[PDB]
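Chemist: Following this message is one structure expressed as structure tokens.
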Amino acid sequence: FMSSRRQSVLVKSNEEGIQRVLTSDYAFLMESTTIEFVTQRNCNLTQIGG
Amino acid sequence: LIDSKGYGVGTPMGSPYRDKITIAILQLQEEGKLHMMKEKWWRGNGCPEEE
Ligand SMILES: *[C@@H]1O[C@H](CO)[C@@H](O)[C@H](O)[C@H]1NC(C)=O
């Protein structure tokens, strides 16, 4: 997917990617420690998978 | 969509007028001649979707 949608879904910052889930269908792979931040300051963004 | 294609202006390899047409295709998004000519040629019938 990342080759086929290069520069299409690829964000270059975390909070713009936080915004990009907040806009549309977006999954935003990062590490869980920053996921532990954004989830615990927003009751709208949870963590599928562990 | 399925991919992210685009069409390009065909020029010979090492075109003499490459930048004469390169920044010329850069300037057609400025006033939007790509966009102000987009509403005409793609919309031959204003198809009334209701369903
Ligand atoms: C997502 O965040 C809060 C809940 O944490 C919600 O009230 C807010 O409206 C949502 N943001 C949107 C829909 O843009």
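Here's how to read the names in the structure tokens: chain A, B, ... by the order shown, residue numbers from 1 in each chain, ligand numbers from 1 in the order shown.
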List as a ChimeraX atom specification the protein and nucleic acid residues lying within 12 Å of ligand 1, with only C-alpha atoms and all ligand atoms counted.

Modeler: /A:18-24,38-46

Chemist: When you get a sec, could you note down which chain A residues fall within 9 Å of chain B, using only C-alpha atoms, as a PyMOL selection string?

Modeler: chain A and resi 4-6+8

Chemist: Could you list, as a list in words, every residue within 12 Å of residue 49 (chain A), counting only C-alpha atoms and ignoring same-chain residues fewer than 5 positions away?

Modeler: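 Residues meeting the cut-off are residues 27, 29, 31, 32 and 35 of chain A.
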
Chemist: Taking the backbone alone, and naming residues the way the document does, which bits of chain A are helix (DSSP H, G or I) by DSSP, as a PyMOL selection string?

Modeler: chain A and resi 14-23+32-39

Chemist: Separation of CA of residue 21 (chain B) and CA of residue 8 (chain B), in Å?

Modeler: 10.6 Å

Chemist: In Å, with one decimal, what is the gap from CA of residue 43 (chain B) to CA of residue 6 (chain B)?

Modeler: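 That distance, rounded to one decimal, is 19.8 Å.
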